[PDB]
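> so I pulled this structure from the PDB, and the sequence comes with it:
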Amino acid sequence: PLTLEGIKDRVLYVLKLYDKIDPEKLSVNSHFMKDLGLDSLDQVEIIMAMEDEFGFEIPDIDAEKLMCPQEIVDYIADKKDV
Amino acid sequence: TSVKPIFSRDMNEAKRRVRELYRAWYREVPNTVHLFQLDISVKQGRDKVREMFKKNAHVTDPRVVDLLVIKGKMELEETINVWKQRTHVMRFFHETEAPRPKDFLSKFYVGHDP
Amino acid sequence: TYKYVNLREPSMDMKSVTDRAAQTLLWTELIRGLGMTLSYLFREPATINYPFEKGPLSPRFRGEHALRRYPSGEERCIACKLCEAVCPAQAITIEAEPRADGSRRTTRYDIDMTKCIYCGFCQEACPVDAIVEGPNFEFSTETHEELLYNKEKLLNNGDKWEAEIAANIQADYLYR
Amino acid sequence: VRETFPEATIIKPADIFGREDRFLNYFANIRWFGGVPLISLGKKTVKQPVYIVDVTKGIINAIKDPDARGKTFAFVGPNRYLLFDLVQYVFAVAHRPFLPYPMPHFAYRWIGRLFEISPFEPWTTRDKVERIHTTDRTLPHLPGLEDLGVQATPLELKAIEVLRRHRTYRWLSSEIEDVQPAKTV
Amino acid sequence: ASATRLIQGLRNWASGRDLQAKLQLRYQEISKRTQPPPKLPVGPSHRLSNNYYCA
Amino acid sequence: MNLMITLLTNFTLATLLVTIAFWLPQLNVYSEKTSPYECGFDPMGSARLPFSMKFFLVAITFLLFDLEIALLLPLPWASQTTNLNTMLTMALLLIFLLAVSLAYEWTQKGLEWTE
Amino acid sequence: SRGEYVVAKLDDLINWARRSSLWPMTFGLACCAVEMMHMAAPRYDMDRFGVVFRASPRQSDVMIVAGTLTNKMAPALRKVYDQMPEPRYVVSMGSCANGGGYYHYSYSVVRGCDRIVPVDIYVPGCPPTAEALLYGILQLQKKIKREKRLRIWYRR
Amino acid sequence: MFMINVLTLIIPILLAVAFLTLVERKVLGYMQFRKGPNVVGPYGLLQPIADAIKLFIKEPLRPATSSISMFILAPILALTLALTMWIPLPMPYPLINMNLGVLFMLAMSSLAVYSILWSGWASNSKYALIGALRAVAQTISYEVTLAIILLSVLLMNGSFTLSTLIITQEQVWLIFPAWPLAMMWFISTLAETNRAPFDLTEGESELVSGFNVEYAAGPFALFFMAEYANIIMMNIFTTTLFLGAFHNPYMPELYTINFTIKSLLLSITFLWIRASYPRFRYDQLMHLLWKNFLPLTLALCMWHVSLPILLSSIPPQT
Amino acid sequence: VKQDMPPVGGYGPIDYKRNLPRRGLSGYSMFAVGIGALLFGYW
Ligand SMILES: CCCCCCCCCCCCCCCCCC(=O)OC[C@H](COP(=O)([O-])OCC[N+](C)(C)C)OC(=O)CCCCCCCCCCCCCCCCC
Ligand SMILES: CCCCCCCCCCCCCCCCCC(=O)OC[C@H](COP(=O)(O)OCCN)OC(=O)CCCCCCCCCCCCCCCCC
Ligand SMILES: CCCCCCCCCCCCCCCCCC(=O)OC[C@H](COP(=O)(O)OCCN)OC(=O)CCCCCCCCCCCCCCCCC
Ligand SMILES: CCCCCCCCCCCCCCCCCC(=O)OC[C@H](COP(=O)(O)OCCN)OC(=O)CCCCCCCCCCCCCCCCC
Ligand SMILES: CCCCCCCCCCC1=C(C)C(=O)C(OC)=C(OC)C1=O
Ligand SMILES: CCCCCCCCCCC1=C(C)C(=O)C(OC)=C(OC)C1=O
Ligand code: SF4
Ligand code: SF4
Ligand code: SF4
């Protein structure tokens, strides 16, 4: 929560704890629907894993447009100081 | 073709409501396993919730998925409040039923149903 | 054409105030209730000594079903299925065919006593007084399938209880 | 039975567990007596316990199979466990204090004759001592549950269902996943 | 109705009402269990003339 | 000495009526017969949750009025003294102070229950 | 043998004490419970037989399923029956508790309480009279009278 | 030969409890226009033996959520304190002649509440919790007059000795100078002993069984026989307080027969009140013993302190 | 004809009102009895 690097490493840590994503393909600019091949509900439980990690209620309109871990770490950086 | 909505103007608000309902079920399942003292894992109940959501995944009518969100919130209120019992929650897990014959050959062997 | 229950104002002279204060401090209506209960203590109770004494019944009473016969040995049921057409619970199942002398009789006459609602539409729909709902009510079983009567059980109920069913129909049949 | 009915299906269960068993309930109920005594710390015997609905589906699929006539089936669970960590997993699901201790073979049969002098159903016997401390033999030549189409259920799915009864209220509502599984061999 | 007049008087005093005049246990004052056979009347359409059903 | 024997006897054949109550019949224990009773359906939450006392001010003032019968209780003995008008004045002072306390607890609606 | 005589007389003692101290539970469902109250009424009077209600299942001996068992209450019926200590018995009163009854083909009715609990005495009627219910209770007492618990323990 | 005296005390006052169950059911039946038990024995005289054998051959059912130690200790302490409140009662001679037997009765009344109370807590159930805290609400209501009434009646006795209370009432009954105290003590003992109209702990209609709703047979027997031992002891105690009989030092059986039939009449009076009244709401219980009985009890305490001084009739303490 | 019918003069008059017969003493009599019992006990 202090620097952006810890946030990005923690995002990738939660996404490799997530089991339906194969971590070998998991890059920071990897997409979930067309690259990793996920359902929408997979991305929804990814966002709820992010709320289990970071601890702030993410609305629906700005979590729909979180289609890569880079967008996730950029949105957490927008909602924080860094 | 000019019909009156229930909650959703189109499929975007409808998918928003389906998404919020799946969020609420995903948050609810560990409490449902705990205080009903169900003998299933939390992943197993979450996969049952994913199966019950993917069962209705072919609907393209906003009014029908509005009613599905409505009935899902009703079942969620029956699950948060202890109004269901262990039987009503485990009825989504068809466990006493036999695996029905799937191919043509075993359905031919057991009976007359197509 | 209407009356006001509980619209009494109490009297406020010193006599009635002292009377209610004695009722409050000395518990008069409580002693009234104790007196009425003590009055029932010294009565004869209404307890009939079952199974030696029986509750009173009428000749209209609707109990166990029975298939009746004519006074020659011939059974009365001529397979016309009005009793299962009017049965409000579909307890009666009838299957029939002409028997060996060409007579219209039943091969199956089943009454499910655990669907039966004991309303007696079958005994009032029967044109020949074959099915009746007789006087027996003490026929509790220890297993469920003993309360699924076939034709043989119903004819044995008729042969068992005929000396009473004939008399009850003789007592009531002018009202029917 | 094989010589007087040659077409009989003779079934070998290993050690059946369920709600009404005398296997996991037995392992539970030595928190009453003491500190669950075991021959040679219960680490020289191996068990592979089978679930009861697996055995029941095996019996019914042996009824429906004409190829099960004259066979000899061996119904075992999927995982083999030593007796030590089997009992440790039993006492870990029930959240009881597990403090085992070695009792020798000549003295743990005197405890066996101490409880079979009752005229009722005995709490234990020397035969049960011999059979808790008999290893489940491996017979690969006999067909099993996989040859009747019965998928064998492991202990880590049904042990909570068996052993929720032996818990006290302070840990009565803990879940199936809130325990480390036993070590297989 | 078989009670002694001591118990009868105590019971009347305790209830405050006259109880032998209005007994709740029934005796020979009730109707007979065997009755004469009735002759029930018929309705207004049990006629042989001017009885067209459409009218 | 006799009191200890009598209490030991009462406790003994009150606990020998329990040890022949648990060990004599036949048990069929399963984890639904020992479930909590909530009139047939499963209980919502625990019965160890806070059960809010409505009568709490009366519950506190019972602790201040129960001391009075540790104070008013020597009055059968205090009547046996040789300074008796002083004793009578102090006794009526104690019951009067209890009564003034009860009057004050009435008039501020302290004997009523909350909600 | 002497021991067979002793266990026979002790069977007679425990069967006497269980059939002459039946405590049913305050549990009705439908119209049959009105008639079951009439079996408690001063004419038929269950209490002369030792038959008296206890509201808790822990302190009840028989469950008279008096009325219609629907689907919404069948788990409540099963948990109430489970919370009765052994020996516990079930008397099924009326047609809906026996076999579904007048609501047999309904979407919402359990077709007989014997799909849910083991049933000892089936009392037939819609409703059975309070005298017929008391007949079923006395037949249950006769069923308890011929139990052979300690004899079968002595022989096994 | 004192242990034989303890046994001949406490075994007949278990048989009296047993046949009080039959007397309760039959007097309750004839007051309800029905009969009580008459089938099991000759006119029901063997019904309590069937009930006593039945409850100890039925499965005991210790619950899953129950804190088991207090769950077992509650009926043990119930029947222990029910038996041991009979020992200072003069019959005309008490088992243990205490100089302060009244305070023993009062303190062992105060300890008997914890049987109900720990039974309601230990059996981890919601109705049992309601039945336990309704016992709290009932005990804080009756204890705030149970000691002042019993104080004001002994200001004519001189001590807390129950055996002296026979000598106190040798001329007149002590209900004649103290009938407001008597009619208030009687209701305070109804509310003490959890009998109707003050049931309120084993509430059949509000609760299911209240505190003993989880107690199956065997442990349930030791609350029920405890409650009936409490009511027989409490009517014997009320009889000793207000209806003390003639005592001949050479013929004790005359006094024994006399207080026996008086306490039996008060037991029938308890059964006859339980057969006739609706049940209080358990706050109206508290607004009775605090707002109605307690002011008048303080007034009668002033009067019964001042009146032996007023007439030079202070009783001796010896 | 024969039919279940009321008699020719009809049935008798039927009571249907409240009869709570107002028994007991008055207030002053019961307080006089109570105070007299108090005075006898005190003497
Ligand atoms: C022990 C031997 C037997 C003793 C007698 C008892 C047996 C009869 C029992 C009958 C059944 C009772 C069952 C429980 C009933 C519970 C209800 C109940 O009783 O409520 C109490 C009721 C309550 O009344 P309430 O509830 O209607 O009060 C309404 C209160 N407000 C207005 C605030 C809402 O009465 C009392 O509290 C009175 C207590 C006893 C009074 C005794 C007074 C004696 C006279 C003193 C002197 C008077 C003159 C003044 C001085 C003159 C000087 C010269
Ligand atoms: C000096 C003598 C000794 C006095 C001290 C010893 C007292 C012994 C008794 C102990 C009493 C303790 C509790 C007393 C509480 C009194 C206050 C009270 O309750 O006031 C409220 C009451 C009206 O009640 P309310 O407010 O409507 O309550 C609603 C819920 N019921 O208000 C009322 O009902 C009005 C109360 C005042 C008027 C009473 C008049 C009685 C007169 C009797 C004759 C004279 C006696 C001598 C004393 C002087 C009295 C003025
Ligand atoms: C302080 C006083 C306290 C008093 C406590 C007791 C009060 C009640 C006293 C007893 C009252 C009568 C009891 C009657 C019992 C049954 C009698 C009877 O008829 O039993 C018959 C039964 C079956 O026999 P069967 O062969 O069927 O008979 C066919 C007949 N041609 O055969 C049997 O039942 C077998 C025989 C059993 C006998 C049991 C008798 C009762 C025992 C009660 C215990 C207490 C006894 C007293 C102890 C203290 C005094 C000494
Ligand atoms: C964990 C939960 C609890 C589980 C275990 C429960 C055990 C039973 C609990 C209930 C009994 C508690 C007893 C408490 C002490 C009572 C003392 C007593 O009875 O005193 C009254 C009486 C006064 O008479 P007095 O004026 O002394 O006359 C003789 C002089 N002429 O005194 C006499 O007559 C004197 C006779 C000798 C007295 C000896 C001293 C008292 C012995 C106390 C034993 C232990 C008490 C334990 C209390 C546990 C409370 C829960
Ligand atoms: C104590 C007197 C006998 C009571 C017996 C009650 C047994 C259970 C019957 C169920 C029932 C209850 C409780 C009941 O209160 C009631 O209301 C009148 C009913 O009818 C709708 C019932 O069916
Ligand atoms: C040796 C001691 C024997 C004690 C027997 C206890 C069991 C008897 C309970 C009978 C009973 C009584 C007296 C009773 O008071 C009652 O209330 C009406 C009942 O029904 C709810 C009863 O079942
Ligand atoms: S009595 Fe009614 S329900 Fe029964 S068989 Fe006859 S018609 Fe059918
Ligand atoms: S109505 Fe009568 S004759 Fe006709 S089928 Fe039924 S029983 Fe037979
Ligand atoms: S069997 Fe019939 S009368 Fe009886 S409760 Fe059911 S519906 Fe009512």
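That came in fine, so what should we check first? Residues are numbered from 1 along each chain as shown, chains lettered A, B, ... in the order given. Ligands and ions are numbered 1, 2, ... in the order given.

> how near is the residue lying closest to residue H:68 once chain neighbours are set aside to residue E:32?
Leaving out its chain neighbours, the residue that sits closest to residue H:68 by Cβ to Cβ, 6 or more residues apart in numbering or on different chains is residue H:62, at 5.9 Å. No exception for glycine: its C-beta is placed from N, CA and C like everyone else's. According to Cβ to Cβ, to the nearest Å, residue H:62 and residue E:32 sit 61 Å apart.

> give me the more crowded residue out of these two.
residue H:62 (18 against 7; other Cβ atoms under 10 Å in any protein chain shown).

> so that one is in which element?
In this structure, residue H:62 is located outside every helix and strand according to DSSP states H and E.

> who's in contact with it?
F:22, F:34, H:68, H:71-72 (Cβ atoms under 8 Å, 6 or more residues apart in numbering or on different chains).

> what number of residues lie near residue B:81?
Residue B:81: 9 neighbours (other Cβ under 10 Å).

> hmm, I was thinking of residue I:15
Residue neighbour count, defined by other Cβ under 10 Å, stands at 7 for residue I:15.

> so how far is chain F from the closest residue to residue D:168 other than its chain neighbours?
Spatially, and ignoring its direct neighbours in sequence, residue D:168 is nearest to residue D:95 (7.5 Å; Cβ to Cβ, 6+ apart). Remark: distance between residue D:95 and chain F (Cβ to the nearest Cβ, to the nearest Å) = 15 Å.

> residue D:95 against residue D:175, yeah?
No - contact between residue D:95 and residue D:175 fails when scored by Cβ atoms under 8 Å: they sit 11.8 Å apart.

> for chain D, give me its nearest residue in chain I.
Nearest residue of chain I to chain D: residue I:20, at 55.5 Å (Cβ to the nearest Cβ).

> secondary structure class of that residue, three-state.
Under DSSP: H, G, I helix; E, B strand; the rest coil, residue I:20 falls in the coil class.

> so which bits of the stretch 201-318 of chain H are right by chain C?
H:272-273, H:275-277 (Cβ under 8 Å from any Cβ of the partner chain).

> how about chain E: which residue is closest to chain F?
residue E:24 (36.4 Å).

> that residue - how many residues pack around it?
Residues near residue E:24, counting by other Cβ under 10 Å: 9.

> how far out from the middle of the chain is stretch H:54-62?
With Cα atoms, centre = their mean, to the nearest Å as the basis, stretch H:54-62 stands 26 Å off its chain's centre.

> for chain H, longest helix please?
helix H:126-154 (DSSP state H).

> do it and chain F meet?
Yes - Helix H:126-154 reaches chain F (Cβ under 8 Å from any Cβ) through H:126-130, H:133, H:136-137, H:140, H:143-144, H:147-148, H:151, H:154.

> please see if the next helix or strand along the chain from that helix touches chain F.
Per DSSP H and E, the first helix or strand lying C-terminal to helix H:126-154 is helix H:164-168. No - contact of helix H:164-168 with chain F is not found when judged by Cβ under 8 Å from any Cβ; the minimum separation is 10.6 Å.

> and helix H:164-168, which residues are buried?
Within helix H:164-168, the residues scored as buried using 16 or more other Cβ atoms under 10 Å in any protein chain shown are H:164-166, H:168.
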